[PDB]
$ cat upload.txt   # compact mmCIF, C-alpha atoms and all ligand atoms
# COMPACT_ATOMS: atom_id res chain seq x y z
CA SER A 1 -13.09 -1.78 -1.61
CA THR A 2 -9.53 -0.49 -1.31
CA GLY A 3 -6.09 -1.74 -0.33
CA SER A 4 -2.97 0.03 0.91
CA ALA A 5 0.47 -1.54 1.41
CA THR A 6 3.91 -0.26 2.30
CA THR A 7 6.69 -0.99 -0.19
CA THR A 8 10.31 -1.15 1.07
CA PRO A 9 13.61 -0.91 -0.80
CA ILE A 10 15.52 -4.18 -0.74
CA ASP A 11 18.92 -2.53 -0.26
CA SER A 12 20.64 0.82 0.27
CA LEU A 13 20.52 1.69 -3.44
CA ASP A 14 16.78 1.16 -4.07
CA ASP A 15 17.63 -1.63 -6.53
CA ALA A 16 14.04 -2.87 -6.13
CA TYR A 17 11.13 -2.64 -3.73
CA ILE A 18 9.29 -5.40 -1.89
CA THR A 19 5.68 -5.41 -0.72
CA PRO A 20 4.16 -8.00 1.66
CA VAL A 21 1.45 -10.15 0.08
CA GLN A 22 -0.83 -12.65 1.83
CA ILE A 23 -1.37 -15.89 -0.12
CA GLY A 24 -3.55 -18.83 0.81
CA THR A 25 -5.45 -20.01 3.90
CA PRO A 26 -4.07 -19.65 6.53
CA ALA A 27 -2.16 -16.71 5.11
CA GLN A 28 1.36 -17.24 3.83
CA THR A 29 3.05 -13.85 3.64
CA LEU A 30 5.59 -13.42 0.84
CA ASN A 31 7.51 -10.30 -0.09
CA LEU A 32 6.87 -9.65 -3.76
CA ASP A 33 8.31 -7.24 -6.29
CA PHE A 34 5.36 -5.22 -7.70
CA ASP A 35 6.12 -4.84 -11.39
CA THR A 36 4.08 -2.58 -13.69
CA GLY A 37 6.19 -3.88 -16.55
CA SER A 38 5.02 -7.51 -16.42
CA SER A 39 1.84 -9.40 -15.83
CA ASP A 40 2.61 -12.63 -13.97
CA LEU A 41 2.21 -13.21 -10.24
CA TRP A 42 4.80 -15.89 -9.52
CA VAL A 43 6.42 -17.11 -6.31
CA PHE A 44 9.21 -19.19 -4.90
CA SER A 45 7.49 -22.35 -3.71
CA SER A 46 7.72 -25.83 -2.23
CA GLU A 47 8.01 -26.95 -5.87
CA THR A 48 11.08 -24.85 -6.68
CA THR A 49 14.22 -26.85 -7.43
CA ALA A 50 15.91 -27.08 -4.02
CA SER A 51 19.34 -25.92 -5.19
CA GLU A 52 17.76 -22.75 -6.61
CA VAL A 53 16.28 -21.59 -3.31
CA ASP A 54 18.57 -19.56 -1.00
CA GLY A 55 16.86 -17.69 1.81
CA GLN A 56 13.58 -16.88 0.06
CA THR A 57 10.23 -17.42 1.71
CA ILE A 58 8.29 -20.08 -0.16
CA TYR A 59 4.60 -20.62 -0.88
CA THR A 60 3.46 -24.16 -0.10
CA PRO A 61 0.12 -24.75 -1.84
CA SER A 62 -0.43 -28.08 -0.06
CA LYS A 63 -0.74 -26.12 3.20
CA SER A 64 -3.42 -23.80 1.85
CA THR A 65 -7.02 -24.97 2.12
CA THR A 66 -8.11 -22.57 -0.65
CA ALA A 67 -5.35 -23.55 -3.13
CA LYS A 68 -6.55 -25.33 -6.30
CA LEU A 69 -4.38 -26.73 -9.06
CA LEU A 70 -5.03 -24.99 -12.38
CA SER A 71 -4.93 -28.25 -14.27
CA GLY A 72 -2.62 -28.39 -17.25
CA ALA A 73 -1.44 -24.80 -16.85
CA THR A 74 2.22 -23.83 -17.20
CA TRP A 75 4.04 -20.53 -17.32
CA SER A 76 7.40 -19.33 -18.52
CA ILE A 77 8.78 -15.83 -18.45
CA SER A 78 11.97 -14.01 -19.40
CA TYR A 79 12.81 -10.50 -18.19
CA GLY A 80 14.76 -7.63 -19.76
CA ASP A 81 17.77 -8.35 -17.56
CA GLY A 82 18.05 -11.87 -18.92
CA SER A 83 16.57 -13.56 -15.86
CA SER A 84 13.77 -16.09 -16.06
CA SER A 85 11.46 -18.46 -14.21
CA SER A 86 8.85 -21.12 -15.03
CA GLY A 87 6.49 -23.60 -13.43
CA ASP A 88 2.86 -24.55 -12.92
CA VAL A 89 -0.16 -22.71 -11.55
CA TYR A 90 -2.57 -22.71 -8.60
CA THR A 91 -5.52 -20.46 -7.92
CA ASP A 92 -5.71 -19.15 -4.37
CA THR A 93 -6.77 -16.23 -2.27
CA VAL A 94 -4.39 -13.27 -2.46
CA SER A 95 -4.54 -10.17 -0.25
CA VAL A 96 -2.60 -6.92 -0.55
CA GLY A 97 -2.91 -4.36 2.17
CA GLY A 98 -6.43 -5.43 3.13
CA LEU A 99 -7.68 -5.93 -0.46
CA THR A 100 -8.59 -9.56 -1.15
CA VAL A 101 -8.94 -11.38 -4.48
CA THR A 102 -10.24 -14.95 -4.55
CA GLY A 103 -9.27 -17.29 -7.39
CA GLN A 104 -6.08 -15.40 -8.21
CA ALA A 105 -3.64 -17.25 -10.46
CA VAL A 106 -0.54 -17.88 -8.33
CA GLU A 107 2.26 -19.17 -10.54
CA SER A 108 4.49 -21.59 -8.67
CA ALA A 109 8.13 -21.63 -9.74
CA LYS A 110 9.68 -24.99 -10.51
CA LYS A 111 12.72 -23.21 -11.97
CA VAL A 112 14.22 -19.76 -11.39
CA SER A 113 17.42 -18.35 -12.89
CA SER A 114 20.56 -17.53 -10.91
CA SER A 115 19.77 -13.85 -10.33
CA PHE A 116 16.54 -14.73 -8.53
CA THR A 117 18.28 -17.38 -6.41
CA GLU A 118 21.00 -14.90 -5.48
CA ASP A 119 18.55 -12.31 -4.21
CA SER A 120 17.24 -13.57 -0.87
CA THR A 121 14.98 -10.51 -0.38
CA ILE A 122 12.54 -11.10 -3.27
CA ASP A 123 10.11 -14.02 -2.90
CA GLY A 124 8.50 -13.49 -6.31
CA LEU A 125 6.84 -10.94 -8.57
CA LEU A 126 3.34 -9.44 -8.71
CA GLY A 127 2.69 -8.18 -12.23
CA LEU A 128 0.67 -4.98 -12.80
CA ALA A 129 0.98 -4.50 -16.55
CA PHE A 130 -1.90 -5.49 -18.84
CA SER A 131 -3.12 -9.06 -18.66
CA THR A 132 -2.42 -9.54 -22.36
CA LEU A 133 1.25 -10.07 -21.37
CA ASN A 134 0.45 -12.88 -18.94
CA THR A 135 2.42 -16.01 -19.89
CA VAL A 136 0.13 -18.75 -18.52
CA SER A 137 -0.72 -21.39 -21.13
CA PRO A 138 -3.12 -22.65 -22.47
CA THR A 139 -5.41 -20.18 -20.67
CA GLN A 140 -3.95 -16.71 -20.07
CA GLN A 141 -4.62 -15.43 -16.55
CA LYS A 142 -5.54 -12.00 -15.16
CA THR A 143 -3.39 -9.81 -12.94
CA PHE A 144 -4.25 -9.08 -9.34
CA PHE A 145 -5.36 -5.57 -10.40
CA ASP A 146 -7.46 -6.89 -13.25
CA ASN A 147 -9.22 -9.31 -10.90
CA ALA A 148 -9.73 -6.65 -8.19
CA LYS A 149 -10.81 -3.89 -10.56
CA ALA A 150 -14.59 -4.21 -10.59
CA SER A 151 -14.70 -4.34 -6.78
CA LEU A 152 -12.46 -1.30 -6.27
CA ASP A 153 -14.02 2.06 -5.32
CA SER A 154 -12.23 3.44 -8.36
CA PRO A 155 -10.45 1.32 -11.03
CA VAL A 156 -6.94 2.64 -10.23
CA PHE A 157 -3.78 1.90 -8.33
CA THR A 158 -1.03 4.29 -7.34
CA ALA A 159 2.73 3.96 -6.90
CA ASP A 160 4.46 6.22 -4.39
CA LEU A 161 8.04 4.89 -4.30
CA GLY A 162 10.44 6.33 -1.74
CA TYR A 163 14.01 7.53 -2.21
CA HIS A 164 16.10 5.46 0.18
CA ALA A 165 12.88 5.01 2.18
CA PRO A 166 9.61 3.08 2.26
CA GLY A 167 6.71 4.08 0.04
CA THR A 168 3.17 2.98 -0.71
CA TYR A 169 1.04 1.07 -3.21
CA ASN A 170 -2.65 1.95 -3.00
CA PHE A 171 -5.50 0.21 -4.75
CA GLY A 172 -8.89 1.71 -5.44
CA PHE A 173 -8.34 5.32 -4.36
CA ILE A 174 -6.13 8.36 -4.73
CA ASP A 175 -4.59 9.68 -1.49
CA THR A 176 -4.80 13.41 -1.98
CA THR A 177 -2.40 13.96 0.93
CA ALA A 178 0.44 12.09 -0.80
CA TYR A 179 1.36 14.63 -3.49
CA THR A 180 1.76 18.37 -4.06
CA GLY A 181 0.05 20.41 -6.76
CA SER A 182 -2.16 18.67 -9.30
CA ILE A 183 -2.00 15.31 -11.03
CA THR A 184 -1.33 15.60 -14.75
CA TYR A 185 -2.85 12.80 -16.75
CA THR A 186 -1.44 11.59 -20.06
CA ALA A 187 -2.53 9.10 -22.78
CA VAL A 188 -1.61 5.42 -22.60
CA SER A 189 -1.12 2.92 -25.40
CA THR A 190 -1.88 -0.68 -24.41
CA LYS A 191 -0.77 -2.12 -27.78
CA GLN A 192 2.40 -3.67 -26.35
CA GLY A 193 0.77 -4.64 -23.05
CA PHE A 194 2.60 -1.95 -21.08
CA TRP A 195 1.70 1.30 -19.37
CA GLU A 196 3.16 3.07 -22.41
CA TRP A 197 3.03 6.86 -22.73
CA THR A 198 4.80 9.79 -24.36
CA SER A 199 6.86 12.25 -22.39
CA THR A 200 6.91 15.80 -23.77
CA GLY A 201 10.65 16.34 -23.30
CA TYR A 202 13.43 16.89 -20.81
CA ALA A 203 15.85 19.27 -19.17
CA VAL A 204 19.25 18.72 -17.56
CA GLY A 205 19.81 20.53 -14.28
CA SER A 206 18.98 24.24 -14.63
CA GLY A 207 19.15 23.93 -18.44
CA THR A 208 16.38 24.92 -20.81
CA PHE A 209 13.63 22.44 -21.55
CA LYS A 210 13.89 20.49 -24.79
CA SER A 211 10.45 19.77 -26.22
CA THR A 212 10.65 16.33 -27.79
CA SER A 213 8.42 13.26 -27.74
CA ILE A 214 9.81 10.32 -25.81
CA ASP A 215 7.73 7.16 -25.94
CA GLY A 216 8.35 4.89 -22.97
CA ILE A 217 6.85 2.68 -20.28
CA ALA A 218 6.16 3.27 -16.60
CA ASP A 219 7.94 0.28 -15.11
CA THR A 220 8.24 -0.19 -11.35
CA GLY A 221 10.13 -3.45 -11.93
CA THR A 222 13.07 -1.72 -13.62
CA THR A 223 15.63 0.05 -11.44
CA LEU A 224 16.97 2.76 -13.70
CA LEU A 225 15.86 5.36 -16.23
CA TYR A 226 16.59 4.25 -19.82
CA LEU A 227 16.27 6.95 -22.45
CA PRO A 228 17.54 7.57 -26.02
CA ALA A 229 21.28 7.82 -26.41
CA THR A 230 21.04 11.49 -27.43
CA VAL A 231 19.24 12.39 -24.21
CA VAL A 232 21.54 10.34 -22.01
CA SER A 233 24.66 11.83 -23.66
CA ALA A 234 23.37 15.33 -23.02
CA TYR A 235 22.82 14.48 -19.36
CA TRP A 236 26.26 12.96 -18.67
CA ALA A 237 28.05 15.69 -20.64
CA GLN A 238 27.14 17.88 -17.63
CA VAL A 239 28.93 15.64 -15.16
CA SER A 240 32.66 16.27 -14.78
CA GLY A 241 34.56 13.05 -15.50
CA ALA A 242 31.60 10.96 -16.62
CA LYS A 243 32.24 8.35 -19.33
CA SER A 244 30.40 5.49 -20.98
CA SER A 245 32.27 2.30 -20.08
CA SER A 246 31.82 -0.75 -22.30
CA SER A 247 33.43 -2.96 -19.66
CA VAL A 248 30.96 -1.84 -17.00
CA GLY A 249 28.03 -1.62 -19.39
CA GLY A 250 27.01 2.01 -19.08
CA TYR A 251 27.77 5.50 -17.87
CA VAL A 252 29.94 5.83 -14.77
CA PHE A 253 31.15 8.95 -12.95
CA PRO A 254 33.39 9.88 -10.01
CA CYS A 255 31.19 10.35 -6.93
CA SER A 256 33.25 13.39 -6.07
CA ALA A 257 31.17 14.86 -8.92
CA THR A 258 27.87 16.60 -8.22
CA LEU A 259 24.96 15.23 -10.24
CA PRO A 260 22.49 17.61 -11.91
CA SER A 261 18.79 16.97 -11.65
CA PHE A 262 16.90 15.55 -14.61
CA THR A 263 13.47 16.90 -15.53
CA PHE A 264 10.96 15.01 -17.69
CA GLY A 265 7.77 16.38 -19.19
CA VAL A 266 4.26 15.13 -18.58
CA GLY A 267 2.15 17.21 -20.90
CA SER A 268 2.79 20.80 -19.83
CA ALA A 269 3.84 19.61 -16.34
CA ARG A 270 7.35 18.78 -15.16
CA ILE A 271 8.70 16.06 -12.85
CA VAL A 272 12.14 16.79 -11.39
CA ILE A 273 14.43 13.90 -10.49
CA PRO A 274 16.98 15.19 -7.93
CA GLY A 275 20.63 14.54 -8.75
CA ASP A 276 21.14 12.22 -5.75
CA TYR A 277 18.52 9.82 -7.19
CA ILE A 278 20.81 9.20 -10.16
CA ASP A 279 23.72 7.89 -8.01
CA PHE A 280 23.93 4.08 -7.74
CA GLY A 281 27.21 3.90 -5.90
CA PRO A 282 30.55 2.26 -6.57
CA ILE A 283 30.74 -0.18 -9.47
CA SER A 284 32.58 -2.58 -7.10
CA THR A 285 33.32 -2.29 -3.35
CA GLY A 286 35.95 0.35 -2.71
CA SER A 287 35.91 1.75 -6.25
CA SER A 288 35.88 5.48 -6.84
CA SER A 289 33.85 4.97 -10.04
CA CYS A 290 30.08 5.19 -9.46
CA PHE A 291 27.30 3.79 -11.64
CA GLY A 292 24.84 6.18 -13.28
CA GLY A 293 21.08 5.91 -12.80
CA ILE A 294 20.28 7.26 -16.30
CA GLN A 295 21.38 4.91 -19.07
CA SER A 296 20.86 4.43 -22.81
CA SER A 297 17.86 2.46 -24.03
CA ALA A 298 19.63 1.74 -27.33
CA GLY A 299 19.34 -1.95 -28.03
CA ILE A 300 16.48 -2.41 -25.54
CA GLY A 301 14.02 -1.33 -28.19
CA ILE A 302 11.98 0.76 -25.78
CA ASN A 303 12.47 3.62 -23.32
CA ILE A 304 11.86 2.74 -19.68
CA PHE A 305 10.76 5.12 -16.94
CA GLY A 306 11.94 2.86 -14.12
CA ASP A 307 12.27 3.51 -10.39
CA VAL A 308 14.74 6.40 -10.79
CA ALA A 309 12.00 8.36 -12.55
CA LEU A 310 8.89 7.02 -10.84
CA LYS A 311 10.13 7.54 -7.28
CA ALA A 312 10.33 11.27 -8.01
CA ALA A 313 6.57 11.29 -8.54
CA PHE A 314 3.21 10.20 -7.24
CA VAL A 315 2.00 7.96 -10.08
CA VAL A 316 -1.58 7.00 -10.91
CA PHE A 317 -2.20 3.89 -12.97
CA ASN A 318 -5.73 4.57 -14.14
CA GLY A 319 -7.43 1.37 -15.33
CA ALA A 320 -10.61 2.98 -16.61
CA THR A 321 -12.12 1.70 -19.87
CA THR A 322 -9.58 3.89 -21.62
CA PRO A 323 -6.47 3.65 -19.41
CA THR A 324 -4.32 6.71 -18.61
CA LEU A 325 -1.31 7.58 -16.44
CA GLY A 326 -1.15 10.43 -13.94
CA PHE A 327 1.95 12.10 -12.51
CA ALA A 328 2.25 14.54 -9.66
CA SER A 329 5.19 16.04 -7.83
CA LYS A 330 5.47 15.15 -4.14
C1 LIG B 401 10.42 -3.30 -21.69
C2 LIG B 401 10.49 -4.63 -20.99
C3 LIG B 401 10.95 -5.76 -21.66
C4 LIG B 401 11.03 -6.98 -21.03
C5 LIG B 401 10.64 -7.10 -19.71
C6 LIG B 401 10.17 -6.00 -19.02
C7 LIG B 401 9.75 -6.12 -17.59
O1 LIG B 401 9.40 -7.19 -17.11
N1 LIG B 401 9.80 -5.00 -16.86
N2 LIG B 401 9.68 -5.02 -15.46
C8 LIG B 401 10.10 -4.77 -19.67
$ encode --input "upload.txt" --output "structure tokens"
Amino acid sequence: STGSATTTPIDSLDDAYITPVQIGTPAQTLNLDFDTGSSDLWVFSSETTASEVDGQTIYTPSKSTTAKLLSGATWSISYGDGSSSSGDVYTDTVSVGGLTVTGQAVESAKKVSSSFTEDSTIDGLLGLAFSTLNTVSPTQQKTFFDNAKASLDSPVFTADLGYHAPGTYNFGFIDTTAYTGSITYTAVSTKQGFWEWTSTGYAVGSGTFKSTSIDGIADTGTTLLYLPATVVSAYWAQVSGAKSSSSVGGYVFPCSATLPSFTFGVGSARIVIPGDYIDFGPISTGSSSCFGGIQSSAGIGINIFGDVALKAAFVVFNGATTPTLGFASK
């Protein structure tokens, strides 16, 4: 089997991407945020505290003939941006792009934090990191990909995120028409539950390539590119007027400035992030100060290849017995 679904930015800045997901019988279609940095599939639901729901589409398990309470199960998750959600669990049929899993753990939110309430476009998350990060207790549950894996033609999924445009998640196959050149594969550590790998270095604009190991995660659920402070300083030093602002919480620049590209290494291969990808617009409406898409990972504890980086590439998440990551230009 295979599946193929279109993923769509939620706003004009590509702050996140939503993918339609069919849950239950008859199908309830929810728009979920596919997140290779977490491992819970959770949704706004009929059980979510009423005051915390504002425009989201909800899953109602009582209306699904295939929904079964996972008795005694609870879940509770906190994300890197300080947001959080929690609730109980049902198993139900879940389909993505024609690929169907039965008995998928669907985590029903009883509580979500303010940032989820305030974003009407995201109806929940679909985690695609390793199942060892799943928060369901007392019995940890498997991700959609983990459950689908044995049935897939090939044990892989791919992320092809668009720049200010729709893209694609495929399951079970590699679309050889979706990238240029070759796919370069690189080693993955699963020890922290993430798609964790080591970049071979970077360059800024037309600058020479600095060979240096940068350990980080491929994380579709994170908007920006977070790298060591040395690397980020070297990037913004090439942008006239750029400054790190403690009041804003990162690097900002005048948008009258032209942004250089940023290149990262994948083995001997190179992925080039165009300068325009690194522009996240005015810090507040009407402001001439724009927020940077490359920020310091200092204090996060880990480097994060988020959407800014991944949308410059065709990315293979290879879930073979020994997992690997593949990157191609496109
Ligand atoms: C590195 C890290 C730490 C905490 C949460 C996340 C996550 O959920 N990413 N989408 C990632």
$ atom_distance --input "upload.txt" --atom1 "atom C6 of ligand LIG 401 (chain B)" --atom2 "atom CA of residue A:302"
9.7 Å
$ residues_near_ligand --input "upload.txt" --ligand "ligand LIG 401 (chain B)" --cutoff "9 Å" --atoms "all atoms listed in the file" --output "count of residues only"
28
$ residues_around --input "upload.txt" --residues "residue A:229" --least-positions-apart "4" --cutoff "9 Å" --atoms "only C-alpha atoms" --output "list in words"
residues 233, 234, 295, 296, 297 and 298 of chain A
$ write_last_selection --input "upload.txt" --atoms "C-alpha atoms" --output "short mmCIF file (atom, residue, chain, number, x, y, z; two decimals), keeping the file's coordinate frame"
data_model
loop_
_atom_site.label_atom_id
_atom_site.label_comp_id
_atom_site.auth_asym_id
_atom_site.auth_seq_id
_atom_site.Cartn_x
_atom_site.Cartn_y
_atom_site.Cartn_z
CA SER A 233 24.66 11.83 -23.66
CA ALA A 234 23.37 15.33 -23.02
CA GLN A 295 21.38 4.91 -19.07
CA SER A 296 20.86 4.43 -22.81
CA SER A 297 17.86 2.46 -24.03
CA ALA A 298 19.63 1.74 -27.33
#
$ closest_atom_pairs --input "upload.txt" --of "stretch 285-305 of chain A" --to "stretch 236-257 of chain A" --cutoff "10 Å" --atoms "only C-alpha atoms" --output "tab-separated table"
residue	atom	partner	partner_atom	distance
A:287	CA	A:254	CA	9.3
A:288	CA	A:254	CA	6.0
A:289	CA	A:254	CA	4.9
A:290	CA	A:253	CA	5.2
A:291	CA	A:252	CA	4.6
A:292	CA	A:252	CA	5.3
A:293	CA	A:251	CA	8.4
A:294	CA	A:251	CA	7.9
A:295	CA	A:250	CA	6.3
A:296	CA	A:250	CA	7.6
$ closest_residue --input "upload.txt" --among "A:174, A:227, A:273, A:109" --to "residue A:199" --atoms "all atoms listed in the file"
A:227
$ residues_around --input "upload.txt" --residues "residue A:87" --least-positions-apart "5" --cutoff "12 Å" --atoms "all atoms listed in the file" --output "JSON, numbers by chain"
{"A": [40, 41, 42, 43, 44, 45, 46, 47, 48, 49, 70, 72, 73, 74, 75, 76, 77, 106, 107, 108, 109, 110, 111, 112, 135, 136, 137]}
$ atom_distance --input "upload.txt" --atom1 "atom CA of residue A:28" --atom2 "atom CA of residue A:4"
18.0 Å
$ closest_atom_pairs --input "upload.txt" --of "stretch 236-330 of chain A" --to "stretch 207-211 of chain A" --cutoff "9 Å" --atoms "only C-alpha atoms" --output "CSV"
residue,atom,partner,partner_atom,distance
A:263,CA,A:209,CA,8.2
A:264,CA,A:209,CA,8.8
A:265,CA,A:211,CA,8.3
$ closest_residue --input "upload.txt" --among "A:326, A:299, A:319, A:274" --to "residue A:184" --atoms "all atoms listed in the file"
A:326
$ residues_around --input "upload.txt" --residues "stretch 13-18 of chain A" --least-positions-apart "6" --cutoff "10 Å" --atoms "all atoms listed in the file" --output "count of residues only"
33
$ atom_distance --input "upload.txt" --atom1 "atom CA of residue A:134" --atom2 "atom CA of residue A:148"
16.1 Å
$ residues_near_point --input "upload.txt" --point "(-1.1, 18.2, -20.5)" --cutoff "12 Å" --atoms "only C-alpha atoms" --output "ChimeraX atom specification"
/A:182-187,198-200,265-270,325-328
$ closest_residue --input "upload.txt" --among "A:53, A:330, A:259, A:305" --to "residue A:119" --atoms "all atoms listed in the file"
A:53
$ closest_residue --input "upload.txt" --among "A:172, A:193, A:3, A:9" --to "residue A:99" --atoms "only C-alpha atoms"
A:3
$ closest_residue --input "upload.txt" --among "A:120, A:84, A:104, A:154" --to "residue A:11" --atoms "only C-alpha atoms"
A:120
$ build_atoms --input "upload.txt" --residues "stretch 243-257 of chain A" --atoms "N, CA, C and O atoms" --output "PDB file, in the coordinates of the input"
ATOM      1  N   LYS A 243      31.859   9.048 -18.106  1.00  0.00           N
ATOM      2  CA  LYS A 243      32.240   8.350 -19.330  1.00  0.00           C
ATOM      3  C   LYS A 243      31.316   7.164 -19.523  1.00  0.00           C
ATOM      4  O   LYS A 243      30.841   6.598 -18.549  1.00  0.00           O
ATOM      5  N   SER A 244      31.064   6.771 -20.766  1.00  0.00           N
ATOM      6  CA  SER A 244      30.400   5.490 -20.980  1.00  0.00           C
ATOM      7  C   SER A 244      31.451   4.369 -21.068  1.00  0.00           C
ATOM      8  O   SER A 244      32.364   4.393 -21.896  1.00  0.00           O
ATOM      9  N   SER A 245      31.315   3.389 -20.182  1.00  0.00           N
ATOM     10  CA  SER A 245      32.270   2.300 -20.080  1.00  0.00           C
ATOM     11  C   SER A 245      31.687   1.016 -20.651  1.00  0.00           C
ATOM     12  O   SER A 245      30.705   0.503 -20.131  1.00  0.00           O
ATOM     13  N   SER A 246      32.294   0.497 -21.708  1.00  0.00           N
ATOM     14  CA  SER A 246      31.820  -0.750 -22.300  1.00  0.00           C
ATOM     15  C   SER A 246      32.072  -1.929 -21.365  1.00  0.00           C
ATOM     16  O   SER A 246      31.342  -2.921 -21.400  1.00  0.00           O
ATOM     17  N   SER A 247      33.102  -1.835 -20.528  1.00  0.00           N
ATOM     18  CA  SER A 247      33.430  -2.960 -19.660  1.00  0.00           C
ATOM     19  C   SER A 247      32.454  -3.051 -18.500  1.00  0.00           C
ATOM     20  O   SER A 247      32.176  -4.140 -18.002  1.00  0.00           O
ATOM     21  N   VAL A 248      31.926  -1.905 -18.082  1.00  0.00           N
ATOM     22  CA  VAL A 248      30.960  -1.840 -17.000  1.00  0.00           C
ATOM     23  C   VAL A 248      29.536  -1.989 -17.550  1.00  0.00           C
ATOM     24  O   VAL A 248      28.658  -2.572 -16.913  1.00  0.00           O
ATOM     25  N   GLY A 249      29.324  -1.497 -18.760  1.00  0.00           N
ATOM     26  CA  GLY A 249      28.030  -1.620 -19.390  1.00  0.00           C
ATOM     27  C   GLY A 249      27.146  -0.401 -19.201  1.00  0.00           C
ATOM     28  O   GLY A 249      25.921  -0.525 -19.121  1.00  0.00           O
ATOM     29  N   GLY A 250      27.762   0.775 -19.142  1.00  0.00           N
ATOM     30  CA  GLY A 250      27.010   2.010 -19.080  1.00  0.00           C
ATOM     31  C   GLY A 250      27.819   3.192 -18.591  1.00  0.00           C
ATOM     32  O   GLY A 250      29.030   3.111 -18.448  1.00  0.00           O
ATOM     33  N   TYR A 251      27.126   4.296 -18.349  1.00  0.00           N
ATOM     34  CA  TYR A 251      27.770   5.500 -17.870  1.00  0.00           C
ATOM     35  C   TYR A 251      28.185   5.341 -16.417  1.00  0.00           C
ATOM     36  O   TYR A 251      27.416   4.828 -15.587  1.00  0.00           O
ATOM     37  N   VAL A 252      29.412   5.769 -16.133  1.00  0.00           N
ATOM     38  CA  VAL A 252      29.940   5.830 -14.770  1.00  0.00           C
ATOM     39  C   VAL A 252      30.487   7.238 -14.551  1.00  0.00           C
ATOM     40  O   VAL A 252      30.740   7.963 -15.509  1.00  0.00           O
ATOM     41  N   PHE A 253      30.669   7.616 -13.294  1.00  0.00           N
ATOM     42  CA  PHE A 253      31.150   8.950 -12.950  1.00  0.00           C
ATOM     43  C   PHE A 253      31.877   8.899 -11.603  1.00  0.00           C
ATOM     44  O   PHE A 253      31.638   8.008 -10.788  1.00  0.00           O
ATOM     45  N   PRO A 254      32.791   9.846 -11.355  1.00  0.00           N
ATOM     46  CA  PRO A 254      33.390   9.880 -10.010  1.00  0.00           C
ATOM     47  C   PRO A 254      32.397  10.414  -8.976  1.00  0.00           C
ATOM     48  O   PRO A 254      31.757  11.405  -9.267  1.00  0.00           O
ATOM     49  N   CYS A 255      32.246   9.817  -7.797  1.00  0.00           N
ATOM     50  CA  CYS A 255      31.190  10.350  -6.930  1.00  0.00           C
ATOM     51  C   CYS A 255      31.591  11.643  -6.245  1.00  0.00           C
ATOM     52  O   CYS A 255      30.776  12.283  -5.573  1.00  0.00           O
ATOM     53  N   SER A 256      32.846  12.044  -6.430  1.00  0.00           N
ATOM     54  CA  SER A 256      33.250  13.390  -6.070  1.00  0.00           C
ATOM     55  C   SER A 256      32.530  14.426  -6.944  1.00  0.00           C
ATOM     56  O   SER A 256      32.491  15.611  -6.603  1.00  0.00           O
ATOM     57  N   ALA A 257      31.948  13.976  -8.062  1.00  0.00           N
ATOM     58  CA  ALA A 257      31.170  14.860  -8.920  1.00  0.00           C
ATOM     59  C   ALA A 257      29.772  15.084  -8.360  1.00  0.00           C
ATOM     60  O   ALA A 257      29.195  14.202  -7.726  1.00  0.00           O
TER      61      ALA A 257
END
